[PDB]
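Starting off, we have a lone chain in the form deposited in one PDB entry, written out as structure tokens.
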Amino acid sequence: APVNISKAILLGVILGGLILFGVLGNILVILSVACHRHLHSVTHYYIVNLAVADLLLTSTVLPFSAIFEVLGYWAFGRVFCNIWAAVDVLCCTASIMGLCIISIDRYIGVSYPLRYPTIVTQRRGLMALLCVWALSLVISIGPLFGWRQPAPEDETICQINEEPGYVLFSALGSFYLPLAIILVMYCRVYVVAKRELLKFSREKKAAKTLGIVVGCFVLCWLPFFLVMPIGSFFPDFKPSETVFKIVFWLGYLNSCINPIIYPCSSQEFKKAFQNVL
């Protein structure tokens, strides 16, 4: 259907700029971790895992959301709508468990600096990464593909499951449980760092950087997981759908915010970014 030109063009341009910045940042993070040989570690492997997750979030789901916004309605196939929702959930739920294992690794490193290489070894790190990716896949496409509501008869409609039975499970298994794990691990990290040398300081600095990243992610994605379950469990059903869109976009903004954090909070990452550009 016809829509605005100037406003739509401006909105599309700004959104495209956002995706371009996010993709550039994630690619920069991946290249900085990979090409450099002094940035190899299980923590940096988890960092590139998060970079891949939010790069997928910025490269496929984000452009589709931007195009939907510009058009005002769904234009692609219904199968494409389902795959779009599934990829959105998969990326936003794999990032959270990536942060969970990053928090576990940072707790191990802060608590046991000297013995850190003997606990979180390369093999164990990759095993944990693969387990996280598999569990994120399962949690993402279980409630959706498994318990799927009757399909709408309109090809132009691409909505979100509003049934409480799905929103409760998705919020619990995607945000609230991994979030609780992350808070437990970082409260432990904070207490251990404060109560507690050349390697301990490095672990503390990495923990601070990844804690900033985790805080940004949680702040960005909290409004959505607070408004969706509330909307389903209360007479108010996502009031001001505009605000519902704003909370999704704020959540997506973390995908672009994250690459800024690594240089601005880790001088090693700043040097790597400077010398890779």
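We call the rigid core the largest set of C-alpha positions that still match within 1.5 Å between the two forms. From 1 onward, residues are counted along the sequence shown.
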property: Residues of the deposited sequence that sit between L197 and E196 yet are not modelled; result: 10 or more
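The next section is about a form of this same protein that is not shown, the form deposited in another entry.
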property: Which one of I119, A151, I160, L177, by Cα shift of 2 Å or more between this form and the one not shown, core superposed; result: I160
property: Core-aligned C-alpha movement of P239 between this form and the one not shown reaching 2 Å; result: yes
property: In that other deposited form, whether the C-alpha atoms of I160 and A151 sit closer or farther than here (change of 3 Å or more); result: closer
